[PDB]
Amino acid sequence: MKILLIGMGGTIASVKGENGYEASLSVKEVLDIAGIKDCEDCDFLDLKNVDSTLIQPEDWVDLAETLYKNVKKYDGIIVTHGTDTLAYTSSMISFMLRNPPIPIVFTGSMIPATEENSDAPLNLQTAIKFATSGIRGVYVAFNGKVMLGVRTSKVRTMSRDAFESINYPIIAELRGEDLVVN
């Protein structure tokens, strides 16, 4: 029931102005604007606020250190991330944190959390439900599916169904309020 949410930026947290500026929400702001009010005991940590296209290998070191110092203190961790290099990060973190004691769930959205039709609420609810499972490891939640993080690829560039599990079964799939694993 105790969850840590770590922000890295991405479209999910994106906020655009008419002045031509591009700003970014913190993780807590993302959850609140996405309308997740059922997050009972949740902490928040803002590690980065970048377009994921900017991600470099040094960022994976930072993220892994951060994860390593929190895996014992939480029952689950969620990392919000841009979709562009999300599967790269989830892959590298999988090699860096061999055998996490908890679920570590990467997610994001194709449409900013600030828009009315965003996929952010579905993705966050999915990640949250899975961070409460007892299933240890590194995963990606997107479009109602939970996929093994080291078997995930971005497959579509302009769709809500942006990710797939490649050559491996999907871990779980949302059906109502239920994550189903078969």
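Residue numbers here begin at 1 and follow the sequence given. The term rigid core refers to the most C-alpha atoms you can superpose between the two forms while keeping them within 1.5 Å.
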Once the rigid core is lined up, would you tell me whether 25-33 or 39-47 has the higher RMS CA deviation in 4 other deposited structures of this protein? 39-47
When the core is superposed, where do the C-alphas shift more in 4 other deposited structures of this protein: in 5-13 or in 167-175? 167-175
Given the B-factors recorded for C-alpha atoms, which segment has the greater mean, 67-75 or 84-92? 67-75
Comparing 136-144 with 34-42, the one whose average Cα B-factor in the PDB entry is higher: 34-42
Would you mind ranking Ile102 by its C-alpha B-factor against the rest of the chain and naming the third, lowest, middle or highest? middle
Comparing against every modelled residue in the chain, figure out the third that the C-alpha B-factor of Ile6 lands in (lowest, middle or highest). middle
Among the modelled residues of its chain, the C-alpha B-factor of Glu164 falls in the third labelled lowest
Taking the values exactly as deposited, rank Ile12 by C-alpha B-factor within its chain and report the matching third: lowest, middle or highest. lowest
C-alpha B factor of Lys48, ranked within the chain: lowest, middle or highest third? middle
